[PDB]
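Everything below concerns the one structure shown next.
Numbering (this note's numbering), first residue to last: 130 to 424.
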């Protein structure tokens with residue numbers, strides 16, 4: 130993966146983070162490798178060694194992206210799981226979290242400034258004192274670190290769990306080659322290029338968040354656009370506002386997102402957008418319904 134970041138930084142395309150209808154945030158691939166090495170100074174400080182599992186709980190697309198690569202450099206193994214709606218009380222979610230937190234040898238948890246106050250509550254709820262959390266945001270004010278640990282092609286790259294599991298959650302090991310094995314075949318079947326603009330709001334803890342989309346954008350040097358999943362579900366006609374403000378060519382969303390759009394038939398037929406930009410719209414097969422598509 131270290132080779133894909135250094136190669137991506139060699140273009141002036143990068144990452145674009147959406148805050149509202151009129152706000153934006155730019156992170157060039159070069160800004161990323163540089164910002165990633167500032168976090169790596171903080172990560173090594175807390176006492177991380179190569180190959181150590183790491184636990185991710187994020188809401189800000191920016192901080193999570195920087196942390197994912199900051200761990201690729203240092204040679205760490207991050208764990209990709211969705212954030213809990215609430216940590217105040219035990220529930221179905223916080224239960225799966227205790228299982229994972231204990232299954233992965235009680236690792237460190239990596240959060241933003243927003244969730245740290247809420248996540249630290251797990252110390253009292255889980256009655257364990259061997260839990261600790263870290264804020265990514267204040268680590269971008271540190272020193273860099275070019276000393277990147279040597280990678281292997283079959284070393285484990287990240288952990289991703291079956292959040293959509295009725296039973297106890299299961300953990301998945303992925304290797305640098307097993308991941309890149311797909312991102313290369315994918316770019317082939319679909320014919321992707323540095324030109325495409327990739328709009329994505331699905332969370333990163335899902336397989337489509339990293340492998341199928343993010344990593345394919347850094348591997349081919351696309352311009353990237355990331356928006357919060359909350360902002361979309363709160364009003365799905367923001368999906369059109371984004372594909373027009375960025376003239377995007379590539380986006381994806383499971384079928385449940387398509388149906389959500391049709392319900393705004395009143396708005397669609399009164400106030401037009403421009404969507405010729407689009408050329409590649411992918412969706413989850415687990416819920417295929419031609420009924421709503423042709424509509």
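Backbone N, C-alpha and C define an ideal beta-carbon position, used for all residues, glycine too.
Check for me: the beta strand (DSSP E) holding residue i runs from which residue to which?
| i | result |
| --- | --- |
| residue 382 | It is not in any beta strand (DSSP E) - residue 382 carries neither H nor E in the DSSP assignment. |
| residue 376 | Here residue 376 belongs to no beta strand (DSSP E), and DSSP marks it neither H nor E. |
| residue 397 | No beta strand (DSSP E) contains residue 397, which is instead part of the alpha helix (DSSP H) from 394-397. |
| residue 302 | 300-304 |
| residue 409 | 409-411 |
| residue 184 | 182-185 |
Can you tell me the Cα-Cα spacing of residue i and residue j, whole angstroms?
| i | j | result |
| --- | --- | --- |
| residue 166 | residue 266 | 13 Å |
| residue 286 | residue 401 | 44 Å |
| residue 160 | residue 145 | 12 Å |
| residue 415 | residue 385 | 11 Å |
| residue 175 | residue 243 | 20 Å |
| residue 158 | residue 137 | 6 Å |
| residue 297 | residue 404 | 42 Å |
| residue 221 | residue 211 | 13 Å |
| residue 420 | residue 190 | 33 Å |
| residue 370 | residue 392 | 16 Å |
| residue 192 | residue 317 | 30 Å |
Have a look at the options and flag the residue whose alpha-carbon is nearest the alpha-carbon of residue i.
| i | options | result |
| --- | --- | --- |
| residue 179 | 393, 397, 203, 150 | 203 |
| residue 291 | 264, 389, 312, 336 | 336 |
| residue 389 | 319, 368, 375 | 368 |
| residue 254 | 222, 147, 419, 217 | 217 |
| residue 409 | 141, 326, 357, 207 | 326 |
| residue 150 | 399, 395, 391, 375 | 375 |
| residue 310 | 341, 262, 371, 258 | 341 |
| residue 294 | 225, 162, 156, 172 | 225 |
What is the residue span of the alpha helix (DSSP H) that residue i lies within?
| i | result |
| --- | --- |
| residue 419 | 419-423 |
| residue 163 | 158-175 |
| residue 356 | Where residue 356 is concerned, there is no enclosing alpha helix (DSSP H), given that its DSSP letter is neither H nor E. |
For residue i versus residue j, is the C-beta spacing smaller than 7 Å?
| i | j | result |
| --- | --- | --- |
| residue 284 | residue 169 | no |
| residue 239 | residue 251 | no |
| residue 195 | residue 241 | no |
| residue 209 | residue 289 | yes |
| residue 245 | residue 223 | no |
Would you check if there are 3 or more beta carbon pairs closer than 8 Å linking the stretch 374-394 to the stretch 323-336?
-> Using a C-beta cut-off of 8 Å, the stretch 374-394 makes contact with the stretch 323-336, since at least three inter-stretch Cβ pairs fall below that distance.
Between the stretch 353-372 and the stretch 288-302, do at least 3 Cβ pairs fall closer than 8 Å?
-> Between the stretch 353-372 and the stretch 288-302, the count of Cβ pairs shorter than 8 Å is below three; the stretches do not touch.
Answer yes if the stretch 228-235 comes into contact with the stretch 191-200, meaning at least three C-beta pairs across the two stretches below 8 Å, and no otherwise.
-> They do not touch, by the three-pair rule.
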